């Protein structure tokens, strides 16, 4: 019927939330994964609206930007929030999640390989202050909603994105003593059957 194709690198990363949205919705899509080695020719192809991944094609029309794609798909499948106000709070938290990711990027770059710096020092000087600030806000949202979801009484795509990040940190030995609520959040979201099923079946990748 409507045809979806998601183009991203062969990894979870910024595409993953859109894949998880499709899984919850039970929507068929083409998971187009591009390798490091293939990217140059695709980039020269001018396919990507801003020269970057991910991008989504909906009946061949192109949409860039990870969060624009996630919001677009979540609104189609009723995962963006149950009222206008909830949609906006979801957006607020997702944008604050972007600011966390910018603050933490020097650490994640050194850890992954892509950048310079001593990892122990960046952990304490850059990652932990960023993580503690942002996760304190997550806990505020959990307490406000009172449901176990970040916004309102049901699942939204920011739950999926945040649960995936938390799961990744935990798997690498991250200490959640300050935020046991987010450990519980990550377990809760990743047990939702459609999501558990996707996690069990997706390609295994380092990121």
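Positions refer to the first chain, counted from 1.
Colleague: Mean C-alpha B-factor higher for 66-74, or for 140-148?
Modeller: Taking the mean C-alpha B-factor of 66-74 and of 140-148, the larger value falls to 140-148.
Colleague: Out of 170-178 and 30-38, which one has CA B-factors that are higher on average in the deposited record?
Modeller: Mean CA B-factor is higher for 30-38.
Colleague: Select one of 120, 87, 99, 132: the residue whose C-alpha shows the highest B-factor in the crystal structure entry.
Modeller: Across 120, 87, 99, 132, the entry lists the biggest C-alpha B-factor for 120.
Colleague: Of the choices 110, 104, 93, 79, which one's C-alpha carries the largest B-factor in the record?
Modeller: The C-alpha B-factor peaks, among 110, 104, 93, 79, at 110.
Colleague: According to the PDB entry, is the CA B factor of residue 156 in the bottom, middle or top third of its chain, that is, lowest, middle or highest?
Modeller: It belongs to the lowest third of the chain when residues are ordered by C-alpha B-factor.
Colleague: Classify residue 46 as lowest, middle or highest third according to the C-alpha B-factor given in the PDB entry, relative to its own chain.
Modeller: Highest third of the chain for residue 46's C-alpha B-factor.
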